[PDB]
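# Structure at a glance
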There are 2 protein chains.
Amino acid sequence: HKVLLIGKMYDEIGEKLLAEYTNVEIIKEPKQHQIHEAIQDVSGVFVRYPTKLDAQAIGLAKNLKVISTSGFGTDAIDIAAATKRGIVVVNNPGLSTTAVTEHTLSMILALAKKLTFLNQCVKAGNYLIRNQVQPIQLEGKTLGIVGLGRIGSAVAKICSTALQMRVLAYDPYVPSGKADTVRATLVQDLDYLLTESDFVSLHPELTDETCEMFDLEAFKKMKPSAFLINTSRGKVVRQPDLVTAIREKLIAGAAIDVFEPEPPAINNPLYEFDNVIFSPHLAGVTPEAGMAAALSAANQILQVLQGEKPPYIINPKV
Amino acid sequence: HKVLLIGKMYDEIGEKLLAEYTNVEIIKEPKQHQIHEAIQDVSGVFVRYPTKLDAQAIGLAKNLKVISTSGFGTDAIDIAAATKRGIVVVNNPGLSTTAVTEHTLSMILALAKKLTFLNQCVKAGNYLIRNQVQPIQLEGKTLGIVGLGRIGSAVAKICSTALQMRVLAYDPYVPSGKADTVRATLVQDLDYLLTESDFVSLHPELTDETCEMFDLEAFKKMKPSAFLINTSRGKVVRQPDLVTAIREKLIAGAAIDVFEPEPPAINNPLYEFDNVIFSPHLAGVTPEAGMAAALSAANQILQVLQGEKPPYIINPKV
Ligand SMILES: NC(=O)c1ccc[n+]([C@@H]2O[C@H](COP(=O)([O-])OP(=O)(O)OC[C@H]3O[C@@H](n4cnc5c(N)ncnc54)[C@H](O)[C@@H]3O)[C@@H](O)[C@H]2O)c1
Ligand SMILES: NC(=O)c1ccc[n+]([C@@H]2O[C@H](COP(=O)([O-])OP(=O)(O)OC[C@H]3O[C@@H](n4cnc5c(N)ncnc54)[C@H](O)[C@@H]3O)[C@@H](O)[C@H]2O)c1
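Residues numbered from 1 in each chain as written, not as in the entry; some residues may be left out. Chains lettered and ligands numbered in written order. Heavy atoms only, no water. Residues with missing side-chain atoms left out of burial classes, pairs and counts.

## Focus on the site of ligand 2
Taken together, the neighbourhood of ligand 2 is formed by 23 residues, with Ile151, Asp171, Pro204, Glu205 and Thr231 of chain B sitting nearest. One nitrogen or oxygen atom from the main chain of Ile151 of chain B is found 2.8 Å from an oxygen atom belonging to ligand 2. (Near = heavy atom within 4 Å. Polar contact = N/O pair within 3.5 Å; in protein donor to acceptor, adjacent residues only side chain to side chain.)

## Quick notes on the packing of helix α6 (residues 115-123) of chain A against helix α6 (residues 115-123) of chain B
The N-to-C vectors of α6 of chain A and α6 of chain B enclose an angle of 85°; their axes lie 10 Å apart at closest approach. Between α6 of chain A and α6 of chain B, the angle falls in the class roughly perpendicular. Across the interface between the two elements, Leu115, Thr116, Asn119 and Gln120 of chain A from α6 of chain A touch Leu115, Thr116, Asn119 and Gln120 of chain B from α6 of chain B. Residues of the contact of α6 of chain A with α6 of chain B, tallied by class, amount to two nonpolar, six polar and no charged. (Axes fitted to C-alpha atoms, helices over the stretch in contact; angles between N-to-C directions. Helix = DSSP H or I, 4+ residues; strand = E, 2+ residues; numbered from the N terminus. Parallel < 35°, antiparallel > 145°, perpendicular 65-115°, else oblique. Contact = heavy atoms within 4.5 Å. Nonpolar A, V, L, I, M, F, W, Y, C, P; charged D, E, K, R; others polar.)

## Let's talk about the site of ligand 1
All names here are of chain A. Around ligand 1 sit 26 residues, and of these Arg150, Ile151, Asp171, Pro204 and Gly284 come closest. Measuring from an oxygen atom of ligand 1, one finds a backbone N or O atom of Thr231 at 3.0 Å. Here an oxygen atom of ligand 1 sits 3.1 Å away from a polar atom, N or O, in the side chain of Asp257. Compared with its free state, where it exposes 870 Å², ligand 1 has 82% of that area covered by protein. Per-class residue counts for the shell around ligand 1 are 11 nonpolar, nine polar and six charged. (Areas by Shrake-Rupley, 256 points an atom, 1.4 Å probe, with all protein chains shown as cover.)

## Brief notes about the sheet that holds strand β2 (residues 23-27) of chain B
All names here are of chain B. Ordered in space as β2-β1-β3-β4-β5, the five strands form an open sheet in which the pairing is parallel. The open sheet has two free edges, formed respectively by β2 and β5 (88-90), since each of these has just one partner strand. The sheet shows a mean angle of 15° between the axes of neighbouring strands, taken without regard to direction. Where strand β3 (residues 44-47) and strand β4 (residues 66-69) come together, four bridges link them in parallel fashion. Its bridge partner being in β4, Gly44 is matched across the sheet by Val66. Strand contacts of helix α1 (residues 12-21): β1 (2-6) and β2, with the helix running at about 145° to β2, the strand carrying the most contacts. (Pairing = 2+ DSSP bridges.)

## Section: the sheet that holds strand β8 (residues 185-187) of chain B
Residue and element names in this part refer to chain B. Read across the open sheet, the seven strands follow the order β8-β7-β6-β9-β10-β11-β12; overall the sheet is parallel. Edge positions in the sheet fall to β8 and β12 (276-278), since each of these pairs with one other strand and no more. Between one strand and the next, the sheet's axes are offset by a mean angle of 20°, whatever the strand orientation. Relative to strand β7 (residues 166-170), strand β6 (residues 142-146) runs parallel, the two being bridged by five bridges. The residue bridging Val146 from the neighbouring strand is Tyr170, located in β7. Relative to strand β10 (residues 227-230), helix α5 (residues 97-113) is tilted by about 155°, and along the sheet it contacts β6, β9 (199-202), β10, β11 (253-256) and β12.

## Let's talk about the pattern of salt bridges
Residues and elements named next belong to chain A. Under the criterion given, the structure shown has 13 salt bridges over all chains. Across the pair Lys223 and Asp198 runs a salt bridge whose closest N-O atoms are separated by 3.0 Å. Of this pair, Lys223 sits in the loop between α10 (216-221) and β10 (227-230) while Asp198 sits in the loop between α9 (190-196) and β9 (199-202); the two residues are 25 residues apart in sequence, bridging distant segments of the chain. Residue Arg247 is joined to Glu248 by a salt bridge in which the shortest nitrogen-to-oxygen separation is 3.8 Å. (Salt bridge = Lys/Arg side-chain N within 4 Å of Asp/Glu carboxyl O.)

## Considering the domain arrangement of chain A
Interface size is often expressed as the accessible area that is lost when the parts come together. All names here are of chain A. Looking at chain A, the domain boundaries give domain 1 (2-95 + 288-304) and domain 2 (97-278). Taking only C-alpha atoms, the centre of domain 1 and the centre of domain 2 are 36 Å apart. Counting residues at the interface gives five residues for domain 1, matched by four residues for domain 2. Surface buried jointly by domain 1 and domain 2 totals about 280 Å² across both partners, of which 54% is contributed by carbon and sulfur atoms. It is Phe72, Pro93 and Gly94 that lose the most area in domain 1 upon contact with domain 2, and together they represent 78% of the buried surface on that side. At the boundary of domain 1 and domain 2, one finds zero salt bridges. One can count zero residue pairs in polar contact joining domain 1 with domain 2. Across the side of domain 1 that touches domain 2, the residue classes tally to four nonpolar, one polar and no charged. (Domains from an automatic or database assignment. Buried area = accessible area lost by both parts, 1.4 Å probe.)

Given below as structure tokens:
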């Protein structure tokens, strides 16, 4: 059998597992015509996000049995065209879940400890600022998690048990009782999470309800001493309302890994404040997370090519 | 009875607990002669670090039974002069261990996630470094803890279970089995902890055995990819040897909260490197930490003034 890598994988480990059992062709920097001239006599396809997979390419693929995406995004693959030709469309999500949770923990602790601000002062000979800064102790503070999914649960679990925090959670579409498996308390009114929390960490899916969910109206309800952490999606915060929340001191600070205009401009107003800490959308980027994405893509190809059902099919009708 | 507060307590809680049972005089911004003219008819003394306590002031104190420091440091109190007049010198250590534990966690995470370096770049318009930086995933990495005491145990406990790290410990004066209560494994050969660790965090007592314990010879054994965290004491590291470890890249980075010489100068050679992040001896400085020290200093005074032997006597000979 033959397997086509439409673009490189996140790590070479998945390229060797496939080449171990199949014949692998790699298309680096894929063009539209290049897919058709190689997808014909091919049994498995790996699509690196965000390159497109036409209904044309699926049709020119006659022996195609499994198409695998690089991560969570499946919006560039014609899912409808594959359910007709019997092709199984498989996903690879959540494979950077421990990486993002470690990252948000990093940012919660940095905000509480004023890590970035204290580092700059010491480096500027201003060691003496220690008489003007009070680090925050996380123990006993309440951490409100918006989105009790893969990442929110793991973040809640660590903050509730190891860090001894009171953890509240807002997630309408999660089984009531899930929060107890993780030592959080499920909350039905998001206003209650805002008024009780000293730290707010966003982990929801970007739906048509969470887009710009965190408004200036939400910020006014939060404690002046509270912080915001966002490793989810940029659009979950109305970025202009966050700029005024910091400037008007409605909020004590914020840690951001995702941006609404992404990439953010050079002239971003948030960069002005020591209040605000950034990372360039790297929360889920660790070497181990890349291998898990590569290994999960190679394993789900071999499962379909041999009979067995893979775990992440978007095509249950096959 | 009368108690003199040579300086304010870290929180008003210890001053009221003392004022509940004794007559309290407070000397804010204490001068030496002010100590001399008030320590006379007084049974207990609280000395706020770092103000001095002379053999003169101790000599002028006739009814003095207990002197209590504000924290751990007793080097500004004439302990020899107090053992002679029978006065009990009391310490206040271990009252901020959760603060240091949270602080060391902050710095381990920041080093793995390159938090400070990523923040400055994003703020400097260099969002594009995300193609050049790899955050480290803590899960599965080995954390070597030097000193399995109050802070060392707490750091181990969180890292072994919540962060899913293999935790090693080096502590010759600890019962093997203390590491087991905390899901670490106690190790007898420090060379094993240096060659196996991806992160080494120092939490030992500063003795003549740990003084400059971390030499250029120690750094040579660590992995080129490993990191160093020091929230203990500045002298446990030979500061010049740390600079050559960073400069010659024997080590991947370092986070320090304590310095030798302390305070660090404006021209510190470590400030050059993005590898190295600093905090100005604030690891144990949180509001909750101040209250426990205030209460513990006020309680060890009332313990001596009522019969009971206090827990932290530097004067066991009475
Ligand atoms: N490198 C990165 O920054 C990175 C990496 C991975 C994921 N993420 C982002 O983190 C976020 C969380 O990821 P995940 O894997 O936990 O997703 P998930 O699918 O496992 O869970 C998302 C949760 O959001 C909840 N939710 C849905 N609508 C909500 C609403 N209106 N209000 C509150 N909660 C709602 C859902 O019930 C679900 O429990 C996602 O937006 C994802 O894109 C970022
Ligand atoms: N950065 C801060 O603000 C701050 C605050 C409090 C304490 N500290 C420092 O952190 C360190 C740990 O504090 P603690 O409360 O856990 O003290 P601790 O006495 O409870 O633990 C220190 C450990 O050092 C161990 N040790 C002694 N000699 C050793 C050796 N040769 N090798 C390995 N281990 C050895 C002892 O067995 C002890 O267990 C101390 O040096 C303390 O001064 C720093």
